[PDB]
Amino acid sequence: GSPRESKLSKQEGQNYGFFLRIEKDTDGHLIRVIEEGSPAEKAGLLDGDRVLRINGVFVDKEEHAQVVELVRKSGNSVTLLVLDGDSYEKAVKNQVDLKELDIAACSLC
């Protein structure tokens, strides 16, 4: 499956509505527990998605704290490039260069 670009917006007094996790023996910055009615929910985030980029910044190899800090530094809007859990785990298995993944697609019909 393709990565997706999710554009989240929130107000002061709100959160985006998900947890970012590192899990034992699991690769990637994991999105977990999408809160009902949240910006994350509205923006198409899914449990098990990995965050590849935050506002264009490649974060797959960054430490958890630095990924969370980039979210904080983004303020009340943030663009996430995410990849679903199955596609991410297949990509790592297949030695796909995650840095080259982009949403741009174009086919002639």
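In this text, residue numbers run from 1 along the sequence as written.
Per-stretch averaging of Cα B factors for 82-90 and 95-103 places 95-103 on top. When the modelled residues of the chain are ordered by their C-alpha B factor, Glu36 lands in the highest third. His64 sits in the lowest third of its chain by CA B factor, as recorded in the PDB entry. Ranked by Cα temperature factor within the chain, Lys24 sits in the highest third according to the deposited record.
Compared with the other modelled residues of the chain, the Cα B-factor recorded for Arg50 ranks in the lowest third.
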